[PDB]
Amino acid sequence: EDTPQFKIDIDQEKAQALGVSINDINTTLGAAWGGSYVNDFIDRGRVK
Amino acid sequence: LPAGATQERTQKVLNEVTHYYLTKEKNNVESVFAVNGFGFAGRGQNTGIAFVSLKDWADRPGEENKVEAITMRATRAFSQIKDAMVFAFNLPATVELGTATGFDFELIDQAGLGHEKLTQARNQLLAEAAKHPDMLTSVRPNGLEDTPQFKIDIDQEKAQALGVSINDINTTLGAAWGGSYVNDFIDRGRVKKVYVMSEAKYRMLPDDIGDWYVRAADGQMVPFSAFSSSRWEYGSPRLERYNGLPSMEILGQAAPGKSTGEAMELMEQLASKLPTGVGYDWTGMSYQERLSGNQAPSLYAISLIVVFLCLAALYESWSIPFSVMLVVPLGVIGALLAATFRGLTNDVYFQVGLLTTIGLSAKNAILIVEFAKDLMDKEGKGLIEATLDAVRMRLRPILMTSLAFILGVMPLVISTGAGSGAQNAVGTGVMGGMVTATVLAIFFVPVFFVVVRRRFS
Amino acid sequence: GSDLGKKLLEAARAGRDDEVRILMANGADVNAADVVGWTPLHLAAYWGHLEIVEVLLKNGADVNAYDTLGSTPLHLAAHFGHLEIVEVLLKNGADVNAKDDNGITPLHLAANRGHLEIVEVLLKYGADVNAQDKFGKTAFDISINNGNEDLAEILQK
Amino acid sequence: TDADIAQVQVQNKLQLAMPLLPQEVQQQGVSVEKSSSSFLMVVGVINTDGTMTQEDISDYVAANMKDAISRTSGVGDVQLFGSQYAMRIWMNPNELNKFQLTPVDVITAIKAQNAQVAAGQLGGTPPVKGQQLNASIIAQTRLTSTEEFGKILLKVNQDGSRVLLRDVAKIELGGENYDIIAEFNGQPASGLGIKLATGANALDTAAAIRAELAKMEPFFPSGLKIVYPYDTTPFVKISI
Amino acid sequence: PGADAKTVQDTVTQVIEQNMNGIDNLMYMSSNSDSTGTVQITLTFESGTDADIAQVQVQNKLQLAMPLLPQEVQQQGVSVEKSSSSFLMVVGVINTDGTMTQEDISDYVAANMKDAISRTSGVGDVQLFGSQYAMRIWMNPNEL
Amino acid sequence: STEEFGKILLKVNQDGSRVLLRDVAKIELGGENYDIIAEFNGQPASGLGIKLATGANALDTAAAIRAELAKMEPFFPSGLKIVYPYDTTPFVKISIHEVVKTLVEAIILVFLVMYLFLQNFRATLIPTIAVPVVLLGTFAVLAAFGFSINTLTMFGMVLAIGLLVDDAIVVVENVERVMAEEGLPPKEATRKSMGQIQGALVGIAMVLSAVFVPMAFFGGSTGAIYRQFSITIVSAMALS
Amino acid sequence: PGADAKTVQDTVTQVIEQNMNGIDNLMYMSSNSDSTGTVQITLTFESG
């Protein structure tokens, strides 16, 4: 069934006014709250 | 050549090898195809290979002008060469088999021990296997050894201070020293690649590193020396993996007289006493030899059981079949003497040759026993009467077939031309087996029938 | 470059003590260097072959031999945590304040990989704790950057 | 229907869609599989010595067991009841704002200072005449520890003080996700949910899995043990 | 291009090996990552396996793993072939009057010969001993 | 063209002078990489590695390649020469010839040995007809099982010569003996002669089947080789 | 997209066509490259 969800609206004008990239806004929100898989590293000789 | 050797160094060795074959073997060698920078063990500047093409078999008379002889000559001739492991060898019938005495061993890292710890464990297994020359011979690693490599470290703080980005640094280094495939262009209606790379002279020695400049954000040109620091370390120029995990392939063969199965059983014993976290597995011909040898006993059994049952149904007797089946050794002994005498091996042509010799000897025996039994059953003759009457009637046809077939395979035995190895293997064992199978059977088949008919009344 | 010289380099690296001993008897070159400038002592100090390091120094091996980038056997032994070899080298007159072309010392390398015992041995033999590299970085600057609590306390002197 | 051909046909159309999907969805790895929806068996893994946590065991199964089971013939799908470890950079917004940095700057720094660079060779081909030296050039390599990630330099302040990644984030080794958490008879457990490939023999595949597990057991850490909480094949064996 | 054994193994080989799941009748898998920037992963299958079905399954799992490889490797390409190391014959092409280098001959064979030989009745696969021309830019750091 | 690549603009100076790509680099058509230096008797060399297609004739393909290379001869630049350092088809042509030689020589010897004992050309014709009929029949069954003419199949029939030649000799010789010892006409003599051996011949076929058939049920590489001999020998023996 | 028949044939059609050799029961292969950038290489096989 449908559940409550947190709708957030990015005001384009106010972002353009302050001079903040919408890419930086979506990255900051997405990475922080959702998680961002950046690249790979080697843990005891295995790619993770 | 020794690890770290350059392309020019390897070319000089190949030039000497090419010069030898077109000088000392001018009457045999037609061409030498020198491939510098390629090896089946692993490719690199230090490795190369010379593919020698010889003249027609007609122009190379005697065994002294054969690959067997030319190989032995060339090998000894190049053993003098300073700082180079150079030798010649004949190609096998097919690559898809290897050697019957040879094994293929994988040493596996099963607990993320690392490359350096698996080398220590490999060196340990090799050292122990070297203390068993009676069982294992030429037990060596298939891979390459660690070599000196030039570790350069970009100082992140110093790069950020000068205003130089890491993308610009890592691109400049990788592009100049390593090369960089940019994009495609069309040369005469054919799409082809575009590479940017440093002109050889500016990317040879560590001093050339400092001659490369990267522009900062302020616009000043900064040399690599300003924000980099280098040192020498050892690392693998070839890393092997087996079934996902890090591994090291070990080659070797059973010692003269010892079997493959035995040599493998010791390698397993030695491997069980290696550091904790180091596993092993069998690959290639070893994987094949293992799960093919488990079938053999079962196939011999079924074959021998059905032969009995078939003869049992024919003669209507559980006992008489033995008189036929007892002929098997009479054909095998001659094949072995002939192969042994000449110095041949237990190859497939021989093995299939035995089955045809055993087949024809079994055939001769079946008709003698059939004739003998039918005289006793219908004409009511005695054992010895029927047996002597049988061998008399069956003597001529046995001789005609043997006389025709022995002469028929005679050209294959004396053959020394192209594909003589296969011809010899097919011929020698058959002729030898047929002689003994013919001479012995005519006297032994009646002995087998009488003894069996007496023992089981 | 000699025949025995190349075999000693190969033996010293592999750690074949009995082959090294036979080569030391036959008069194999202890100053035998490869293309990068590594002597048998360099190789032995890197791979952690103590018994061979001792045998080479007895046979007049240059303890302060440097490669084409200025690195010495002590640099390697200190960097790869070979305490036993580090002591034997310093005992046999290894320059403890030896700089490579980068200005990096055995102390810098020892500190960088958190080899606490080695750092103490080096400091005992008069390792310049205030020694900087080409970037003006001390062994203390390495410890605080790596965040090594114990090492930072030892170099606090 | 031949499930092999059905898979080939389906993927041929998927590869036309693949480039139109988001870059994040591509990098997670899209999978085409031909298996039964039901589980053949569940291979549980517990630590009797209590030396390893639910998270620690899961990482081992993912890193040392899963891949070889997934490659076994007859194994259509393998579900890890847990998660393989990842380098978790848990950011702090208070500390990021203090140094005037964003998750954008954090991601850029990791990509720059956690790189595996191809830097060519000394005396590489084509070389100059009289070259004696030939050696690979080793530059930046992938980071291996929480420490190495901690000392990633994000920026240097005007006074010359350094801002490292550990100054704006907590850096631990943790699961790619924290969605799956398993238990065997109450105590902490991980394991593999194995689904039978379409048309494959249940008993022959189950036997092949046990054969592969048998090769791993000797190389386990102390306490770690395989348990068999769910298997549909024993019934078939015993019922026949 | 320009990569070492470690760089190739840790970015290419391990990523591909981790994705070689869901493929039928696989016996074992082996790989080599060397300092020439090359990797070769050989998947050996059960005797009697359809080599075409074996190859397409390996190719398919690789395709899904391509976005996880470096752009430099993605750009170059990853080749999935049936390992049948058994040549009918080797045709050599040589220059006797020393007007052409091995590079010049390779481009000629690639452009004018190779495709025609591939089309010849009964020819399975044709490997070129060399490569077609590349537009080589040889940079000078002093000039830059 | 290299000219076009040379004219690529990098930067324009303030004074007005242009920096082209040819000003900071040497631009030529070269190889993708310079790892391998190929030489044929010291001369610069390239080449083609040609594999045989599935179910193709090696002798036809080799001739076809030489026929194509022949048409390319007129367009080759001054100095370019074709060479054949490796070619198996000359060796395979000898293998075929030597086998046909042995099989023909074998039929001749049966003729001579048949005449030596029986001393009538009429009896020498029967095995001269029966043996080739079986050898031809053999090729039909090889094709039916999807086998090819190769070293193993060819030498498989050479090893079977003794078995096929015998079947012919046994039947004719027995009829010649029954006529000599009883004085029966050829028709009635053949009936009695066959009546004595017909049961044994069926029995022999079943025994020889049990010897050679199980040889094909070996698994892996060794099994594949023995399978070539097994099918060839059993087929020839069964037809005989 | 945007490439004429000539550029398409050189960079795509020929690159593909010169790899479509040594296939079982292949009778003939017809292809066309058009101004819309579209390639269509049809391979016809023996009946059966």
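By written order: A, B, C, D, E, F and G. Residues from 1 in each chain.
As a working rule, a residue touches a chain if its C-beta (ideal position, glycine included) is under 8 Å from a C-beta of that chain, and two chains touch if they have at least 3 such contacts.
Comparing chain pairs E-G and B-E, the larger number of C-beta contacts belongs to B-E.
Between the CA-based centres of subunit D and subunit E the separation comes to 27 Å, rounded to the whole angstrom.
Averaging Cα coordinates per chain places subunit A and subunit B 57 Å apart. Centroids of subunit E and subunit F (each the mean of its C-alpha atoms) stand 30 Å apart. Averaging Cα coordinates per chain places subunit A and subunit E 39 Å apart.
Contacts with at least two other chains are made by residues 5, 25-26, 29, 32-33, 35-41, 45, 51, 53-54, 83, 85-86, 219-221, 223 of subunit F.
Shown for subunit C are the residues in touch with two or more other chains, namely 35-36. Chain pairs that touch one another, listed by label: A-B, A-D, A-E, B-C, B-D, B-E, B-F, B-G, C-D, D-E, D-F, E-F, E-G, F-G. Looking at the complex, you find that subunit D touches subunit B at residues 63-64, 67-68, 71, 112-113, 115, 117-140, 153, 155-156, 162, 215-216, 218-219. Residues 24, 27-28, 63, 84-87, 89, 91, 93, 102-104, 106-107, 110-111, 114-115, 141-144, 149, 173 of subunit D are the ones that touch subunit A when the two sit in their complex.
Residues 1-7, 10-11, 17-26, 29, 35, 37, 46, 53, 56-57, 60, 63-65, 67-68, 72 of subunit E are the ones that touch subunit D when the two sit in their complex. Residues of subunit E that touch subunit B in their complex: 1-6, 8-9, 13-14, 17-18, 27-38, 72, 75-76, 85-86, 92, 111, 132-142, 144. Those residues of subunit D that touch subunit E in the complex are listed here as 4, 7-8, 11, 15, 18, 23, 26-27, 29-34, 67, 70-71, 73-78, 116-121, 136-138, 141-142, 197.
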